[PDB]
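Let me begin by presenting the structure, written as structure tokens, before commenting on it.
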2 protein chains.
Amino acid sequence: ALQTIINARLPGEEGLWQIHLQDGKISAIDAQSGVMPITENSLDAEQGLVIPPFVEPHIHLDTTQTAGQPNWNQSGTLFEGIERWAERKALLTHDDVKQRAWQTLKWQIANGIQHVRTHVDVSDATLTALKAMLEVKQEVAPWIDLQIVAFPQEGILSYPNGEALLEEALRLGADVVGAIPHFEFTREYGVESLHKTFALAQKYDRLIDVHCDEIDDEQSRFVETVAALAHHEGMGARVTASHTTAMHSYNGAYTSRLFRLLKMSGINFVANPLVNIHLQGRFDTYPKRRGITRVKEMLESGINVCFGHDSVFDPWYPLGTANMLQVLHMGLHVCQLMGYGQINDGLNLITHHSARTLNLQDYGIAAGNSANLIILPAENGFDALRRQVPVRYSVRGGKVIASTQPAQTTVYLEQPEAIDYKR
Amino acid sequence: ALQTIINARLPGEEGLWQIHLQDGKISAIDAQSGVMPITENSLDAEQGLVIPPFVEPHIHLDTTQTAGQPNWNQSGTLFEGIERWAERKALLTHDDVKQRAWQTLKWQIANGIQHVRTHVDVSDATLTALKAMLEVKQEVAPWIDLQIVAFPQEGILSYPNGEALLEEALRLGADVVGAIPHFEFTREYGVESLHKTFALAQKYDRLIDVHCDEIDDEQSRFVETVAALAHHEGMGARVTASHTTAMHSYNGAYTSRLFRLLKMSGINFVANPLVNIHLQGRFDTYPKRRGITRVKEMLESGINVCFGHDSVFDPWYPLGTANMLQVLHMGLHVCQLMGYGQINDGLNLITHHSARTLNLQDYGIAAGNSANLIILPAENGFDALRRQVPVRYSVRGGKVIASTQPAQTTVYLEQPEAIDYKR
Ligand SMILES: [Fe+3]
Ligand SMILES: [Fe+3]
Ligand SMILES: [Mg+2]
Ligand SMILES: [Mg+2]
């Protein structure tokens, strides 16, 4: 079994480091004064970057891999997506959900993702997708720690038996309580739905992740209730507000007042760049707003924010290979986090900040933690992002669970020359 | 020497095709009714997609590869970029320009790009970068047909001897006449500069490519003069309006009136997604406009529009590997061209439409044309874009000039499994 990771670079640290492993955990981390020789039981990072695993804080595994079945979304709109999904209803079975979820999970394992939070639609009396996902969670456990959010997609108060079904999902084992206040019939139902969500989270000791203000409506302010209730209950660390795309459209004075509460509350925020740029701004003609939440300002204020993929290869988002560096690339561009340090520090948005969002208790390259880490064939976060590098090795419990042999590119000039896209 | 390309898929065509080669040209293209066996002198596309070469219609090779020299742009702003470039002035020499241009050109060769249009700053009495680029053009000719635009970055009428220097650049061999009307001191200088640009293009029989309305100013309408002058001279095919980001901010009534002229004029448009999303919208607070020209509407109206990378690894854009599928990916998201057909047809924005922008006379998989083509390990444009596939083989004059051995990814579950990100 592997005993050491050598010649590793660490974000924010100078030089090379050696990570000692024992009994599936990291026993010690020591600085090197030069390059160490390889040997039996040593995994050579080759001066590449070593980081804790990538994290997917927001994905819908119940709908993944269904694009084009039975028909393709040709307009690309949300409206048509709903119609295309409806045409596939006859194929939505226990086994179908498990097969598709596992296909995307394998791409995630290949991409160094060891922690995933999936929302599962529980606005279904049969709870078909939820029952399937609970089995998938157990099956994939050796490779990925999967959290399941009971997501009442059609609303809690605006759908028949919505609250009873949400609670049933928690009784069956869902890890997180979801909500979608802006989709409820009225603002009052929206606010009330959040009180019910928090009461359920406290009753069952579960986390909360709300699809919050995902709409280009400057009056959609459910985020202040999410933060206020979290502050009142002293549970900010266990609470997440996903999307908050309406914040992109708020006036600055209200946003400034709100930020004081967001910081005090300690809640987490998830932005989903690939999907937000695609589905937001659809009611504008020109100019067209970007529609991503205030990521740059959150970072400047010390508010925890991170990035999710949201959807993969389905009616709502036809693209994706479940790659977090690709999600990060889009977010840095749309949010204009394009200075060198902003890009280099970008890795935090898909590693540490996401681990905090999932309330993980065993995460990070530190002595005593499980030996879960990945190796990128790049010098730092900037280099990894610019070249969109694959994950050379993914290690979990001190064992290799994925590896990618890099592509090899050659140009035939006066003589053959290898191209690695470095200067 | 290669005599045939077999088992090729072609955009918009059903089945597999065989492309016969002779004397460096395509002699014939025949449909196959099944998979053909490989043999000596046959390049097997393996049911991958075969297309004419990728094209880079807009890049600045004179500034490429300089990010972080001597310092990094930390804010990511245009203003700081200008300052960082100024700090590198002592290093700007003939040999330095050639070395950096060649580094990016090699990445382009590796990425299947055989046609490149580079703008070169000619607001320099010594014309240092231009002299260097003219040598690079000759040196790279066996692999890339490089067009050089004499770009008067500081203006034609607003910079000392601007017009004389622009003409000197044409006398030295620049292929295209540039301009930048919105940067001139006054609207009147802007309009006058375009009359001078067109007069020079007609005097020397050169193409035109204007940095046109690259500003979030709803009153920047130099594009109507570019189109009107092209229509008057009957030379639309030889004219390009780059950026036109101001169009993102025009009212709809004026845009509708303008579109009639744009179509009638026959001029070309270049949008630069990676740079436009980064540098446009910088004066907005929230909401923030996207700032890309009206690509979707141009396509719907039959107006030729295509995508360029603009900058690679420099103070104005720190990222990039000169990859056109990456440029396309950003453009499809920001322009909301996310329906299946829109994405699949996306390849046109980085192949055929760009060839038209460069007024190329030998381009396309057709009998009689030079055997210049590339092979993508994907089923169609959608698949190539989704998986961001590399160029398996680039063929020029019937000879392989670049090849990429794909990466190999494995996940170690109960048994090892190869992952190719296909469902
Ligand atoms: Fe979601
Ligand atoms: Fe330019
Ligand atoms: Mg959604
Ligand atoms: Mg520019």
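By convention in this document, the chains of the structure tokens carry letters A, B, ... by their order, each chain's residues are numbered from 1, and ligands are numbered from 1 in the order they are shown.
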Collect all residues with atoms no farther than 7 Å from ligand 2, counting only C-alpha atoms and all ligand atoms, and output them as an mmCIF file with C-alpha atoms, in the first residue's frame.
data_model
loop_
_atom_site.group_PDB
_atom_site.id
_atom_site.type_symbol
_atom_site.label_atom_id
_atom_site.label_comp_id
_atom_site.auth_asym_id
_atom_site.auth_seq_id
_atom_site.Cartn_x
_atom_site.Cartn_y
_atom_site.Cartn_z
ATOM 1 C CA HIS B 58 -8.770 37.613 -34.679
ATOM 2 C CA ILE B 59 -5.674 37.373 -32.494
ATOM 3 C CA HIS B 60 -2.878 39.689 -31.321
ATOM 4 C CA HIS B 119 -3.604 42.337 -35.760
ATOM 5 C CA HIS B 211 -11.918 47.184 -34.319
ATOM 6 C CA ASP B 310 -8.489 37.783 -29.487
#
Exercise for the section: Do a neighbour search on residue 146 in chain A at 12 Å with only C-alpha atoms, toss out local chain neighbours closer than 4 positions, and write the hits as a PyMOL selection string. Expected result: chain A and resi 55-61+101-102+105+108-109+113-120+133-142+174-176+358+360
Determine, using only C-alpha atoms and all ligand atoms, which residues of chain A have any atom at most 12 Å from an atom of ligand 3, and tabulate each with its shortest atom pair and distance in Å to one decimal place, rows ordered by chain and then rising number, as JSON lines.
{"residue": "A:58", "atom": "CA", "partner": "ligand 3", "partner_atom_place_in_ligand_line": "1 (Mg)", "distance": 9.4}
{"residue": "A:59", "atom": "CA", "partner": "ligand 3", "partner_atom_place_in_ligand_line": "1 (Mg)", "distance": 8.6}
{"residue": "A:60", "atom": "CA", "partner": "ligand 3", "partner_atom_place_in_ligand_line": "1 (Mg)", "distance": 7.8}
{"residue": "A:61", "atom": "CA", "partner": "ligand 3", "partner_atom_place_in_ligand_line": "1 (Mg)", "distance": 11.4}
{"residue": "A:62", "atom": "CA", "partner": "ligand 3", "partner_atom_place_in_ligand_line": "1 (Mg)", "distance": 11.6}
{"residue": "A:63", "atom": "CA", "partner": "ligand 3", "partner_atom_place_in_ligand_line": "1 (Mg)", "distance": 10.2}
{"residue": "A:64", "atom": "CA", "partner": "ligand 3", "partner_atom_place_in_ligand_line": "1 (Mg)", "distance": 11.6}
{"residue": "A:78", "atom": "CA", "partner": "ligand 3", "partner_atom_place_in_ligand_line": "1 (Mg)", "distance": 9.5}
{"residue": "A:81", "atom": "CA", "partner": "ligand 3", "partner_atom_place_in_ligand_line": "1 (Mg)", "distance": 11.1}
{"residue": "A:82", "atom": "CA", "partner": "ligand 3", "partner_atom_place_in_ligand_line": "1 (Mg)", "distance": 11.1}
{"residue": "A:118", "atom": "CA", "partner": "ligand 3", "partner_atom_place_in_ligand_line": "1 (Mg)", "distance": 11.3}
{"residue": "A:119", "atom": "CA", "partner": "ligand 3", "partner_atom_place_in_ligand_line": "1 (Mg)", "distance": 9.2}
{"residue": "A:120", "atom": "CA", "partner": "ligand 3", "partner_atom_place_in_ligand_line": "1 (Mg)", "distance": 10.8}
{"residue": "A:121", "atom": "CA", "partner": "ligand 3", "partner_atom_place_in_ligand_line": "1 (Mg)", "distance": 10.5}
{"residue": "A:151", "atom": "CA", "partner": "ligand 3", "partner_atom_place_in_ligand_line": "1 (Mg)", "distance": 10.3}
{"residue": "A:152", "atom": "CA", "partner": "ligand 3", "partner_atom_place_in_ligand_line": "1 (Mg)", "distance": 11.7}
{"residue": "A:153", "atom": "CA", "partner": "ligand 3", "partner_atom_place_in_ligand_line": "1 (Mg)", "distance": 8.9}
{"residue": "A:154", "atom": "CA", "partner": "ligand 3", "partner_atom_place_in_ligand_line": "1 (Mg)", "distance": 11.7}
{"residue": "A:179", "atom": "CA", "partner": "ligand 3", "partner_atom_place_in_ligand_line": "1 (Mg)", "distance": 11.9}
{"residue": "A:180", "atom": "CA", "partner": "ligand 3", "partner_atom_place_in_ligand_line": "1 (Mg)", "distance": 10.1}
{"residue": "A:183", "atom": "CA", "partner": "ligand 3", "partner_atom_place_in_ligand_line": "1 (Mg)", "distance": 11.5}
{"residue": "A:210", "atom": "CA", "partner": "ligand 3", "partner_atom_place_in_ligand_line": "1 (Mg)", "distance": 11.2}
{"residue": "A:211", "atom": "CA", "partner": "ligand 3", "partner_atom_place_in_ligand_line": "1 (Mg)", "distance": 7.8}
{"residue": "A:212", "atom": "CA", "partner": "ligand 3", "partner_atom_place_in_ligand_line": "1 (Mg)", "distance": 10.6}
{"residue": "A:213", "atom": "CA", "partner": "ligand 3", "partner_atom_place_in_ligand_line": "1 (Mg)", "distance": 11.4}
{"residue": "A:214", "atom": "CA", "partner": "ligand 3", "partner_atom_place_in_ligand_line": "1 (Mg)", "distance": 8.3}
{"residue": "A:215", "atom": "CA", "partner": "ligand 3", "partner_atom_place_in_ligand_line": "1 (Mg)", "distance": 10.8}
{"residue": "A:242", "atom": "CA", "partner": "ligand 3", "partner_atom_place_in_ligand_line": "1 (Mg)", "distance": 9.7}
{"residue": "A:243", "atom": "CA", "partner": "ligand 3", "partner_atom_place_in_ligand_line": "1 (Mg)", "distance": 8.9}
{"residue": "A:244", "atom": "CA", "partner": "ligand 3", "partner_atom_place_in_ligand_line": "1 (Mg)", "distance": 11.8}
{"residue": "A:245", "atom": "CA", "partner": "ligand 3", "partner_atom_place_in_ligand_line": "1 (Mg)", "distance": 11.7}
{"residue": "A:271", "atom": "CA", "partner": "ligand 3", "partner_atom_place_in_ligand_line": "1 (Mg)", "distance": 11.5}
{"residue": "A:272", "atom": "CA", "partner": "ligand 3", "partner_atom_place_in_ligand_line": "1 (Mg)", "distance": 9.3}
{"residue": "A:273", "atom": "CA", "partner": "ligand 3", "partner_atom_place_in_ligand_line": "1 (Mg)", "distance": 11.9}
{"residue": "A:274", "atom": "CA", "partner": "ligand 3", "partner_atom_place_in_ligand_line": "1 (Mg)", "distance": 11.4}
{"residue": "A:275", "atom": "CA", "partner": "ligand 3", "partner_atom_place_in_ligand_line": "1 (Mg)", "distance": 8.0}
{"residue": "A:276", "atom": "CA", "partner": "ligand 3", "partner_atom_place_in_ligand_line": "1 (Mg)", "distance": 9.1}
{"residue": "A:278", "atom": "CA", "partner": "ligand 3", "partner_atom_place_in_ligand_line": "1 (Mg)", "distance": 11.4}
{"residue": "A:279", "atom": "CA", "partner": "ligand 3", "partner_atom_place_in_ligand_line": "1 (Mg)", "distance": 9.3}
{"residue": "A:280", "atom": "CA", "partner": "ligand 3", "partner_atom_place_in_ligand_line": "1 (Mg)", "distance": 11.2}
{"residue": "A:308", "atom": "CA", "partner": "ligand 3", "partner_atom_place_in_ligand_line": "1 (Mg)", "distance": 11.1}
{"residue": "A:309", "atom": "CA", "partner": "ligand 3", "partner_atom_place_in_ligand_line": "1 (Mg)", "distance": 10.3}
{"residue": "A:310", "atom": "CA", "partner": "ligand 3", "partner_atom_place_in_ligand_line": "1 (Mg)", "distance": 6.6}
{"residue": "A:311", "atom": "CA", "partner": "ligand 3", "partner_atom_place_in_ligand_line": "1 (Mg)", "distance": 7.3}
{"residue": "A:312", "atom": "CA", "partner": "ligand 3", "partner_atom_place_in_ligand_line": "1 (Mg)", "distance": 11.0}
{"residue": "A:314", "atom": "CA", "partner": "ligand 3", "partner_atom_place_in_ligand_line": "1 (Mg)", "distance": 11.0}
{"residue": "A:315", "atom": "CA", "partner": "ligand 3", "partner_atom_place_in_ligand_line": "1 (Mg)", "distance": 10.6}
{"residue": "A:316", "atom": "CA", "partner": "ligand 3", "partner_atom_place_in_ligand_line": "1 (Mg)", "distance": 7.5}
{"residue": "A:317", "atom": "CA", "partner": "ligand 3", "partner_atom_place_in_ligand_line": "1 (Mg)", "distance": 9.3}
Problem - Selection near residue 372 in chain A, 7 Å with only C-alpha atoms, sequence-local residues under 2 positions removed, as an MDAnalysis selection string - result: chainID A and resid 52:53 370 395:398
Practice task
Select all residues from chain A having any atom no more than 6 Å from an atom of chain B (counting only C-alpha atoms, ignoring ligands), output as a ChimeraX atom specification.
Solution key: /A:73-76,110,248-249,278,286-290,319-320,333,336,338-340,386,401-412
Practice task
To one decimal in Å, tell me the separation between CA of residue 162 in chain A and CA of residue 184 in chain A.
Solution key: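 Separating CA of residue 162 in chain A from CA of residue 184 in chain A is a distance of 11.0 Å.
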Problem - Those of range 6-152 of chain A in DSSP strand (DSSP E or B), formatted as a ChimeraX atom specification - result: /A:6-9,16-22,25-32,42-44,49-51,54-59,113-121,145-151
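By chain and then residue number, the residues within 12 Å of residue 12 in chain B are residues 49, 50, 51, 341, 344, 345, 347, 348, 379, 380, 381 and 382 of chain B, counting only C-alpha atoms and disregarding those fewer than 5 positions away in sequence.
The interatomic distance for the pair CA of residue 356 in chain B and atom 1 (Mg, counted along the ligand's line) of ligand 4 works out to 21.5 Å.
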